[PDB]
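A lone chain, given as structure tokens: the form deposited in one PDB entry.
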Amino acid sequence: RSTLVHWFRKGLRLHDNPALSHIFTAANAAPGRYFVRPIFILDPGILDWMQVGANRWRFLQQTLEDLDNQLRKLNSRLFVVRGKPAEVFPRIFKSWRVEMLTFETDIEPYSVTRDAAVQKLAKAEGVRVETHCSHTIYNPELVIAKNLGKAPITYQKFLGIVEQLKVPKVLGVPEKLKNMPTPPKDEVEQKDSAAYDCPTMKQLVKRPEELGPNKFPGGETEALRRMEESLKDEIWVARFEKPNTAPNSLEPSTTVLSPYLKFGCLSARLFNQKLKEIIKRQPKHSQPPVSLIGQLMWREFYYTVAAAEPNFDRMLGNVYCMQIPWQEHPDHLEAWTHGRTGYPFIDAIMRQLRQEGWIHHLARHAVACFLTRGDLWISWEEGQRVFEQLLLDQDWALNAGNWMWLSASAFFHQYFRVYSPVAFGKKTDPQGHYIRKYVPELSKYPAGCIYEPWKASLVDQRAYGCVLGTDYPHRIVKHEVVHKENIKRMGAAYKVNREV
């Protein structure tokens, strides 16, 4: 008896999962011949390549638990195999007599390299590998091909390419396993009945004092519930316009499906299909890029340019990226990183991020503009690394592509438009309720100066119980001075890049 193995990496879901559905159908169309191991590999190697914060570790723990639970409802289970894939797969290929391996493809450089070596081992041991592109709606390879070998570098060009492509068929959940016994314990399972159980919170979260509120539980079950909840107000959905959603509402002004889509707890293909059913139903609706479907197409757009550039996450060697002489300022980066810049709007956002692991799109704009071309002149790579640690939705292609946009390094070139750290939040939160919540030391400042507490006299700062420089920091820079200097620095950078 041989084993069929689905390998979860992303695509942490049962629904709309071709790689996993094929495994299950094959076992049911040939009962008695196959064992089935749906596995996730706790790969130590990814930690040398990315940072993971407490909150995102928790989301993954919750996700793996839900996936295991969902697999049990189909007379299977999740097997979580600790160790490096290059060492794990040769062992289990023999210990399990694996006939077929399926998995969902990924475009990240670490994933491509890792998958290539696995596919080399699978070819040696005579193991059939079947891969499926279901993490995105469109296959970046086909988009690049249709555009004659280059990725469209504008959203509009990208749209006009994918409009001519076939939308994939969205699958349901796989059928339950018919008369399948629990696979026999292998070398590891015999010395430890739990060697493959889902990790506990204690095993994955080493810094539990950094966990913030549990607001967005992981897992496919929670993904689908949140999408169904977001789709309930069809008018909100149909008339959604991303630029008009607030960054500093107390409740999220968008769906917060990003962590679920990042891990594949939610299929973007299913989400796209559910959105298209509401739009059909609602003749007055928005259109890309501002619509909700347009938001999914921004995800597709960045996955496609990212697939073409292995150095997408860095300035050097990145075909898309303007070369800009960012400066090193460790003390300013620490301040921004920990939300101690002295600009309350900025600090509010960075604390919401650290505490909760999600911030609104235009809140990311504000803190990203501040760090890079706006105020501090620190490389977007540094903002990417902090975002990578803290975001539940950390996504290699999106975190890069958007940082490049916000820094005016690619895709976006109107660097003379600069967000004000004082005025920008006021439009949608003139009372500063957001600031009061995430910077409570200022909670007694009246709206007139909660965004600019240095305009309160010393007497009033003592009266509000927050003296700048003691209870809340002084501004680390003066926006009115540095942003003008940085515009000139950007112009010079753009001239050098144009002459080369």
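For the two forms, the rigid core is made up of the largest set of C-alpha atoms that agree within 1.5 Å on superposition. Only residues modelled in both forms are compared. Start at 1 with the first residue shown and count on from there.
Participant: Going by the B-factors listed in the PDB entry, is the mean over the C-alpha atoms higher for 462-470 or for 37-45?
Facilitator: Comparing averages over the C-alpha atoms only gives 37-45.
Participant: With reference to the PDB entry, specify whether the mean Cα temperature factor is higher for 491-499 or for 4-12.
Facilitator: Averaging CA B-factors over each stretch, the winner is 491-499.
Participant: From 272, 248, 193, 156, can you pick the one with the highest C-alpha B factor in the entry?
Facilitator: In this record, 193 carries the highest C-alpha B-factor of the candidates.
Participant: Among 413, 360, 225, 185, where is the Cα temperature factor highest, going by the PDB entry?
Facilitator: Across 413, 360, 225, 185, the entry lists the biggest C-alpha B-factor for 185.
Participant: Using the B-factor values recorded in the entry, state whether the Cα atom of residue 76 falls in the lowest, middle or highest third among the modelled residues of its chain.
Facilitator: Within its chain, residue 76 is a highest-third residue by C-alpha B-factor, going by the deposited values.
Participant: So where's residue 434 on the chain's Cα temperature factor ranking, which third?
Facilitator: According to the entry, residue 434 has a C-alpha B-factor in the chain's lowest third.
Participant: Please place residue 447 in the lowest, middle or highest third of its chain according to the CA B-factor in the PDB entry.
Facilitator: For residue 447, whose C-alpha B-factor we compare with every modelled residue in the chain, the answer is the middle third.
Participant: What third of the chain does residue 64 rank in for C-alpha temperature factor, lowest, middle or highest?
Facilitator: Answer is middle: the recorded C-alpha B-factor places it there.
Participant: Going by what the PDB entry lists, where does residue 140 fall on CA B-factor within its chain: lowest, middle or highest third?
Facilitator: Middle third.
The form deposited in another entry is left out here; the points below concern that form.
Participant: For the core superposition between the shown form and the other one, please identify the residue among 465, 446, 31, 44 whose CA shift reaches 2 Å or more.
Facilitator: If I go through the list carefully, the shifting residue is 44.
Participant: Residue 318 to residue 50, Cα distance in that other deposited form relative to here: closer or farther, by 3 Å or more?
Facilitator: Farther apart, which means the C-alphas of residue 318 and residue 50 are at least 3 Å more distant in that other deposited form.
Participant: So the C-alpha spacing of residue 318 and residue 48 changes by 3 Å or more in that other deposited form; is that change toward closer or farther than shown?
Facilitator: Compared with the form shown here, the C-alpha atoms of residue 318 and residue 48 sit farther apart in that other deposited form, by 3 Å or more.
Participant: Could you identify the runs between the shown form and the other one where three or more consecutive residues, present in both forms, all have C-alpha shifts of 2 Å or more after superposing the core?
Facilitator: This is the sole shifted run between the shown form and the other one: 43-50.
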